[PDB]
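Given as structure tokens, the chain that follows is alone and in the form deposited without Tetracaine (TE4).
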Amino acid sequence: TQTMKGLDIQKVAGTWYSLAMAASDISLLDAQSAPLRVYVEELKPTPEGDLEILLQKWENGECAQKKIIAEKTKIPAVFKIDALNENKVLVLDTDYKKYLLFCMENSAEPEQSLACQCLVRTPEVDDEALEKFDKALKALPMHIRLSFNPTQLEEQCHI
């Protein structure tokens, strides 16, 4: 799994939308109740160089907002978390203005816990971003891949 070189984490700040999702195990994304079925609303980088990830997630028959604190590490573009039974956030690529690709995994069991997403800044299907997502997914052993249509992209998590 190759991460991004020369990530300036301050420039990913602002609103985002989850466009596409992929995972190594089907049950990680199967249904809205799935453990890693999460929709990113906002990335908030901190002065220390950490990354706060604001997202929506299905729980108790409703979409609830969660904040995840990703601590920076000695490896660039890799952040430590303690949520969703995952411990690492990996930023694969971003142009800052349009798209951002990232993955979540558990270091102990990366084959059974790898979930990757393609984010966009506006709720519009960007074919360029999807091409870069699929290109990055070639090396990884993914068993499920999702891509939201324009309607679903606007709705994100919803009942």
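Residue positions are given as counts along the sequence shown, with the first one as 1. We call the rigid core whatever largest set of C-alpha positions still superposes within 1.5 Å between the two forms.
There is also a form deposited with Tetracaine (TE4) bound; it is not shown, and the following applies to it.
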item	value
Residue contact check: residue 35 to Tetracaine (TE4) in the bound PDB entry, 4.5 Å heavy atom	yes
Residues in 84-103 with any heavy atom within 4.5 Å of Tetracaine (TE4) in the bound PDB entry	87, 89, 91, 100, 102
Residue 84: Cα shift of 2 Å or greater between the shown form and the other one (core-aligned)	yes
